[PDB]
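Same protein, same chain, two forms; see structure 1 and structure 2 below, as structure tokens.
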Structure 1
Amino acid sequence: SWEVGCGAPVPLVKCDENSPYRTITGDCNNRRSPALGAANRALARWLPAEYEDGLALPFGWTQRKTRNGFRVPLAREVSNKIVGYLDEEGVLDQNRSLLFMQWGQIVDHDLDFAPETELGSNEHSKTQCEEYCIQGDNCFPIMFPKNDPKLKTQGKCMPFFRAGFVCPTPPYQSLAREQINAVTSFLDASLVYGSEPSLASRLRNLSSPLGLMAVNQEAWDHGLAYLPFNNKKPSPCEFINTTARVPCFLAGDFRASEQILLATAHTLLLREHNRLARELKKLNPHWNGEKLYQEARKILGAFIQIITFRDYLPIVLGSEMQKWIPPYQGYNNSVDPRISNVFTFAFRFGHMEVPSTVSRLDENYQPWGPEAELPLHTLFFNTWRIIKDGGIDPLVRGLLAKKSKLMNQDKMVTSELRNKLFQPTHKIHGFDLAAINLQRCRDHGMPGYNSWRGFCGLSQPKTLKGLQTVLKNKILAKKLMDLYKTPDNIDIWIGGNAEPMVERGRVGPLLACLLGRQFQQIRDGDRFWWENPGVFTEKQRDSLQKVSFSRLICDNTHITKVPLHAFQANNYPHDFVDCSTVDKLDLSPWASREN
């Protein structure tokens, strides 16, 4: 008999019995509970939060407060001892293209964003944390251990600001702190169109009644569109080359410029909307602007959903795919479609799949120019390498011909991310995404590794010998026991990712359960799922059946040689075919021949 959810932010709640189109915010998707899966609401709690104080303080905040009678190891020490490796040789995935890593980050970006609290935008609050490393309020610095090389070149800490939470921005009464999902839980292309009405209108071309998305006016890719620039400072994309002065891009999601291949993928998606808008005009010259936007938006939403669930999830989950995601049996309005706090950590498995280098290939799939291959760390917030060095085609070839990094228990996160991560505001290519992932776990009050094994109906090792058996690795198990003293204390991010990969998949059994459940819930609980009776026509649905990533590239770049199966390892010229031969999306069924 406890009171039900403080939602003082987001009072707006007006819904519509007609609507054949998703809202931008994802409101009104669920008729009975219409805020479920909407942006700027709490992440769902599959299990109760676990803070040191039971409310808000993360484990590792107070020196003398143990977790189950043991101090928690520093994020950065766990990073250094477990996550790091030197040798990039033999680390590549012989059966996953780099497009595999890249699609993951896109889907993640559609589903969840828990952005850091905004009580320090052009304030001397950010600097307190950076310079002086002093813990307090929303500053929760990543302190270096004794023998850390970063001590010698970077100071005592790496800065870290706690994530936004609902009813902000000082804590409340006697409910655990709940972090905001700032995008739509629905796989709805929010990353392209935005999750706020504000950003959604900005991105749109409201000059012509063609329902087009705004494209770059300052620069073109052999006639093909770039995303608009984000004319705001400080721009991190300007910071990394003040001679190029190429701003970050403006997309439906904030993080589109974080690295050059995400920006690339955002560019294909935008172009595809525009191509769809133009072809719907041809076939329906009567349709006004809004109609064209919405009818293109909804097709691209289907596209993202089909590629994710037909092509991507099966080669993530492998043998566990059908245990968790059986054939669609239609909309179930009883399902919770909200993204869970734990999913936003479970989906970070993607971090082990990022390789140390990126390549540009010519029309013969050969090194484009003399610096064709670049270290990943020089491509954080790097847009000028696209604008002033060959557009997205050389990079979209590298996404086809190059391989993802394979998860390895001995080689977890490349030093490009683990030591050389660039963050906006901060000046240096010197951060640790592994350490960030671990502090964030604690920041979100995540239950430990065994709570989540429990949740998924899996054994809970309590001994070294127990952990060895589960991880199938005596040395990794040893290092974790030395750090965490009990498997109960292991942060789910590292515990989940340390498990050996399921047959035909790229995650362990724990992550397969957590990912599997979340993707089942976003499908079965989405009123606007593409294959859900009444959303498309029977004829339209047969047209959608035919989409491929290959087609997406043929239609939206100057590439003519692609593989049939974009996510497998594919070598040129053998596994490559003429676009001429690749199933089109026939849009005839969108023609409103009748009235």
Structure 2
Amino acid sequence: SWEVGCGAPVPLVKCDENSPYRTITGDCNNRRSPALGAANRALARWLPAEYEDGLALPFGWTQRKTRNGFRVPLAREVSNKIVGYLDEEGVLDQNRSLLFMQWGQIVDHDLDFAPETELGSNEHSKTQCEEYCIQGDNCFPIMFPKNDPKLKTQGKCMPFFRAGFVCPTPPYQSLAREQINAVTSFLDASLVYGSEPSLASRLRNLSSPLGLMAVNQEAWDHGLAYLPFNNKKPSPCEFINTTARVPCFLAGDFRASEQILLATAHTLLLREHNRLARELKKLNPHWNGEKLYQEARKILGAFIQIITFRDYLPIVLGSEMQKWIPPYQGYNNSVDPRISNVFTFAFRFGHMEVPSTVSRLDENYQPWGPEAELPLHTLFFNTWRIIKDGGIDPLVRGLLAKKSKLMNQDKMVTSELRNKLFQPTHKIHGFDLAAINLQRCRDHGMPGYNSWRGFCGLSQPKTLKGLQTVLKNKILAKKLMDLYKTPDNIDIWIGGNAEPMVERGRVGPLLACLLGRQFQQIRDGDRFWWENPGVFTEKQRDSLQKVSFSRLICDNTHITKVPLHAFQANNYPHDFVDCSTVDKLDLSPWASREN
């Protein structure tokens, strides 16, 4: 018995049950519950929220309020003692390319975004948080521990603002606070096309009727398209180099320019849409723009689905894949396709896969110029290195030929993210993504590690020795007990990521369970899943079965040598074959028989 429809923010229910295409918002996918999976709704709760006061205050908020009898440790202290390391030697994943990391980020961005509240809308309250390190309302600063090096150079805290939540935004909502997912839960290329109508429209080229996405008019990549710039200010991408004055890209997702390899991946995706729109016009010149946009959008969405479920998930989940994501059996309208709050933390395992450097490689997969290799932190919000320093081709080559970082219980997150992160409006390369993650799962009222172990049918260690056995690591176990004092209090992000990885995968048991279930649900509860009877023709699906990340690159760059299995660790020229030996996507089956 509780409020059973607090859905005032955004009440669109404007459904056509005939339509053969997805809405932009995700609405109308589920017929019986048309808002399921739609953007701008609460994240699903797989377990009840756990706040210090039952309703909204994070654990950690009030000094003298314990969690199960013990103070929760500072996020930055956990970062410093557990998550950090010095030596990047030996940290690379000998069987995952850098594309493996990058595809994770892409998928993540398609599925979830819980942006900071906008209550620092015309308030020095946003600057006062930064300035004076003063907790209150949505300002929840990450305070430095006593012996932190950053205390000496950066003041008392790192700023942090609580995530947006449904119902009111300035006051509270009755029942526990529920954070918003601002993008569509469906794996639907929302990161290319947008999750809101206005953005979706702004991204389109409605000046010609070719059903194209807008492209950059100020720059081109050896005649290939770039994303439009976002001509609004202040621009983080301008801030990081005011000489170059190259703004951020405008994509279907706000976060597209956070790092140069994300921007790169967005760039491939846009080009594929345009290329598909132009093929379809040839095969159907009687098709108008809307029809061309929608049909291209639908192919791209399928492409992302296939890559993710056929190529990516099996080498994340490994032995657990088959357990959580059995072969498809059609749409089930009883499944909840909403992204869970916990999943938005579980999928941050990617953070331990980001290595300290990025390379540009030439057409011989050799170093491109004299600074071919660059530190990751110089590449946050960096578009000028694309526009003015070789286009995406050198970066796409590095994605193929360089390696992801390997999760390591002793080497968890690179200092390029731990210590050198840049965030818009904060001016310095001085933040800590690990700390942010821990603060965020308190912000989101996350149950602790054992609650999730319980949920997944796994043991719940209560002692040091129990923790040691589960983590198979005495020293890590001991550091966690010293900080958290009971495994019940371990933040899920760090707890999940601390578990040794499953056979053939890159996450442990708990994360495999949380991730696997989520991915099962977004497949099974999606009316427009690519393999659902009805969505594509049988001839179309035989065509779509052939897609590969290799063909995506071949079709949309000037690269001509590629691996067959782009997520594996590949070395040139041994594991690189010519683009010609690579299957294409035959759009023959999209010819209509109208005459």
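Each form is matched to the other, and the largest set of C-alpha atoms that superpose within 1.5 Å is called the rigid core. Structure 1's sequence is the ruler for residue numbers, which start at 1. Only residues modelled in both forms are compared.
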Just one of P170, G223, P285, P327 has a C-alpha that shifts by 2 Å or more between structure 1 and structure 2 on a rigid core fit; which is it?
-> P170
Do you see a C-alpha shift of 2 Å or more at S121 between structure 1 and structure 2, with the core held fixed?
-> yes
Aligning on the rigid core, one finds that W368 shifts at its CA between structure 1 and structure 2, in Å, by 0.1
Shift in angstrom of the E17 C-alpha between structure 1 and structure 2, rigid core held fixed, comes out at 2.1
Runs in sequence order between structure 1 and structure 2, three or more residues long, with CA shifts of 2 Å or more on the rigid core | 1-3, 121-123, 170-174, 593-595
